[PDB]
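Since the structure comes first, as structure tokens, the remarks are kept for the end.
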Amino acid sequence: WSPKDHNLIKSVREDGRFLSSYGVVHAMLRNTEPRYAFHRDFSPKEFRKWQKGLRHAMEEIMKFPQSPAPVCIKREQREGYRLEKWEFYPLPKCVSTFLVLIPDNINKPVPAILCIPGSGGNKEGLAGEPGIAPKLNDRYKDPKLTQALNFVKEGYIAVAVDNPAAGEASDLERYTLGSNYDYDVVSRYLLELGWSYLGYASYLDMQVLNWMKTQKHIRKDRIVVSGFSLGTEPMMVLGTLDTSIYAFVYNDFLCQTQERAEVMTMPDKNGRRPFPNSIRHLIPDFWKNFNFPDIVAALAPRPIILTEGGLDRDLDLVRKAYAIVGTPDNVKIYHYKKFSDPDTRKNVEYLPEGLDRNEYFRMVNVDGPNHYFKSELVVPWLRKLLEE
Amino acid sequence: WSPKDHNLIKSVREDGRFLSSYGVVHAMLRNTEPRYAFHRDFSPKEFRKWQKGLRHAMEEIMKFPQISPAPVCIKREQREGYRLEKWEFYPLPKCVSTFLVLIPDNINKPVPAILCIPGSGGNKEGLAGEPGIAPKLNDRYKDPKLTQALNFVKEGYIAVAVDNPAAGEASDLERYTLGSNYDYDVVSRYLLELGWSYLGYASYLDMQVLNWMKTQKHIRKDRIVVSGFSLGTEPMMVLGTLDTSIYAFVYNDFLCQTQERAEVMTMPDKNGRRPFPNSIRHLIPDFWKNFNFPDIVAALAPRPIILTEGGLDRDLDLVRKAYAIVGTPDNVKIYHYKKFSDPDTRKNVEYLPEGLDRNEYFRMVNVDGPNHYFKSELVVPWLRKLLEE
């Protein structure tokens, strides 16, 4: 047998049905029209009515619950900025932590930035601090990933958070596997209880944002939420659920995740068709409501920079959302440098079926080797927005 | 480091809160009281009230679509003393599923029919004692320890055998490569994304096979039995809960309080990991907010049932009491694995100890893993007696 002759999930019957359960569940997803999908032909009044529905839909699927106040457990001077480690208590029997970088001698309240790391990353990594364990240390001496350190030097106050199951929120990794965190087991408990990794991760990050609104040196109206890779997931949820968030940094390619699962069907040597990602990314009924490009579009008119491309169709979806409200230049896009020449990219309205992983990432213009927090693009953009 | 110094998920802080997310979610699960958990001191009035609410709760979480072409026979063959029929049915758009019907020769009057459901890595061809559709899908079809459908037809009953989603004829590319190691997980993932679950889908498909049985003149309608082995017991429970027409049940798997198992099975391995007791094919969101398997089995009362592979006595007793309350104490029949039949090998406890590994757990809940198979030597004599009022 040969994989290439089985990558399509097409019916072998005149009636169009599937005997294989994989065939069936794939057909079901294929036929799921997300209720809050973006439509390029919206009028402003429809765009506003839709933007509200998506937000209302997002509350229902994230299931935020409706609490001692936070406490600073450490303060240490650093070069030109003081570091602060705060403890917060978001749920019963749960304590979490975050790092806050504050420039020295502040006068007026300054813009503040909530930085969220990528899979395997951690808040110390973002602040450029050594890890809580020898194995839990990040790439903390690399400027390509240290969002918080990088932003405090600019005069902003940077708050750094952990993704659940990683960093200080890890379990026994610090003794055995380190950065290879068991995000899946945590997701599984949450899922059994009707929740999700993202719902839990966003609920926690939300509480930190609420804390950021309680500081006198934090300019409450100039709060930016930045995220790298996985971190852009709670950035979207915080952004969608909180309309006062000022601007956004989406450091990851813009993915139509539902479409990715439908077309990445090429089997491997053992007949297996692995899912594009793990249950860390499983939020029941997500795809009945929307996809990432729809959500980012809904953040309009608020300023956002996407730094690592995606399929032009999706990038243009977001541009079109911004132009409808009358602020086409509030959204700023960049491709990876490898796919910057338009002859390296293709405009297709649908991604072809029967693809493998390698073929998928080339279609959406993603360059893996150079996947890192684009500080050289993000910083000058933030300067422009906040120079005034 | 040492795995045995970290098997207990207990807070080290005075406030009792956990930093680790695993600790936090494990605590959330530990503080989850099932809404329709059974209580040994319910009155018959409260029992009937409780039983109804549990059925309702099972409906909400299984999410059966209400909204269909009729079933059709695509094959008829003769065997010794019975014919075999393969039927197509169309439960959802773009979905066709198939089941086998074993029917004894010269049926005079309607006879009890028995819906048989296979375990992990098996199929309806194996149950009926027939070869697999391809070379690598040959279940243990020449083994009376698994051939349920073949065994019941020989006792004069008509035997309907179904597949589990992702297995056998409902499999994908496994015929070419990995055989019985069916990729259930990827199927489960899709269903979860769209708000459903593997079991809800499996139960919904299996419910239409049961509804078809209710329309056969040779199947005595009020004498239908639903038989499950290992994994197969899960949809048996859902069908028994959602349909009060079914006459009896065969639960061929140990009786598990799955929520407690997740909480207690926490000893880490060499690489610091704490595997979940089972894969995502057993993940039904909100299941544990409502009940565990023992509460669901007790709610099948007063209808006859048999449990052939034991479990922890506490749970088995819970079921005994449920049947006592309603006034039908002898309708539930229970057995233990031969190895743990002697009371001295078992322990009467109300809670399992924390920090258990997998091996330790199964011994505490009285399971003889190597002897896990369909107990025809126990169930057939149970069904001879019952089917004869």
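What the table below lists for this structure:
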quantity: Label-zone membership for the stretch A:116-143, site A:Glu79, 7 angstrom Cα→C-beta point, backbone N under 17 Å; calculated: A:127-130, A:140-143
quantity: For B:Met236, A:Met58, B:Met28, order by how many other beta-carbon atoms lie within 10 Å, fewest first; calculated: B:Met28, A:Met58, B:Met236
quantity: Residues A:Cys115, A:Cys94, sorted so that the one with the fewest Cβ neighbours within 10 Å comes first; calculated: A:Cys94, A:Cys115
quantity: Rounded Å value of the spacing that divides the Cα centres of the stretch A:15-30 and the stretch A:246-285; calculated: 19
quantity: Phi-based couplings in Hz for the stretch A:245-251 (Karplus 6.51, -1.76, 1.60; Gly and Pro marked x); calculated: 3, 6, 9, 9, 10, 9, 7
quantity: Long-range amide H partners of A:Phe18 with built H, under 5 Å; calculated: B:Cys95, B:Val96
quantity: Label-point gap, in nm, between B:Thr32 and B:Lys217 - each point 7 angstrom along Cα→Cβ; calculated: 5.0
quantity: Loop sites in the stretch B:244-340: trypsin sites (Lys or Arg not before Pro), DSSP, at most 10 other Cβ within 10 Å; calculated: B:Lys270
quantity: Sequence of B:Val226, B:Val367 once ranked by neighbouring C-beta atoms within 10 Å, starting from the fewest; calculated: B:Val367, B:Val226
quantity: For A:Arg174, net neighbour charge (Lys/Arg +1, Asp/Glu -1) across residues whose Cβ lies under 10 Å away; calculated: -2
quantity: Extension gain, B:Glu155 back to B:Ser279 (0.36 nm per residue minus Cα-Cα distance, nm); calculated: 41.0 nm
quantity: A:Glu308 long-range amide H proximity, modeled H, under 5 Å; calculated: A:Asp252, A:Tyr334
quantity: Base-10 log of normalised Debye intensity for chain A (one unit scatterer per alpha-carbon) at q = 0.11, 0.12, 0.15 Å⁻¹; calculated: -0.82, -0.97, -1.51
quantity: Cross-link pairs B:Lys145/B:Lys214; A:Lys220/A:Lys320; A:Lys269/B:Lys289; A:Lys63/A:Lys220; A:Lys141/A:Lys384 - those with Cα-Cα distance over 31 Å; calculated: A:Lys269/B:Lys289
quantity: Prolate/oblate/rounded call for the stretch A:167-323, Cα gyration tensor, a/c under 1.5 rounded; calculated: oblate
quantity: Check: chain B dipole with +1 on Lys, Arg Cβ and -1 on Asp, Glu Cβ, in debye; calculated: 540
quantity: Cα-based shape type of the protein assembly as shown, given that a ≥ b ≥ c are square roots of the gyration tensor eigenvalues and the cut on a/c is 1.5; calculated: prolate
quantity: The stretch A:96-103 - phi-based ³J(HN,Hα) in whole Hz, Karplus 6.51/-1.76/1.60, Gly and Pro as x; calculated: 9, 8, 8, 9, 10, 9, 10, x
quantity: Calculated FRET efficiency for the pair A:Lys384/A:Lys141, C-beta based, R₀ 30 Å, to 0.05; calculated: 0.60
quantity: Local electrostatic count, A:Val186, Cβ distance below 13 Å [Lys/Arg +1, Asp/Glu -1]; calculated: -2
quantity: Shielding of B:188-199 by partner chains, average beta-carbon count, 10 Å; calculated: 6
quantity: Rounded if a/c under 1.5, otherwise prolate or oblate - the stretch B:74-169, Cα gyration tensor axes; calculated: oblate
quantity: Exercise: per-residue mean of other protein chain Cβ atoms within 10 Å, A:11-19; calculated: 4
quantity: 3J(HN,Hα) from dihedral phi, the stretch B:329-338, Karplus parametrisation 6.51/-1.76/1.60, rounded to Hz, x for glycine, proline; calculated: x, 8, 5, 9, 10, 10, 9, 10, 4, 3
quantity: Loop trypsin sites (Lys or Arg not before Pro), the stretch B:184-251, which have at most 10 other Cβ atoms in a 10 Å radius of their Cβ (DSSP); calculated: B:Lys217
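Note that each Cβ is placed from the backbone with ideal geometry, even for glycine, and that neighbours are counted across all protein chains shown. FYI, it's all coordinate maths here, none of it is from the lab.
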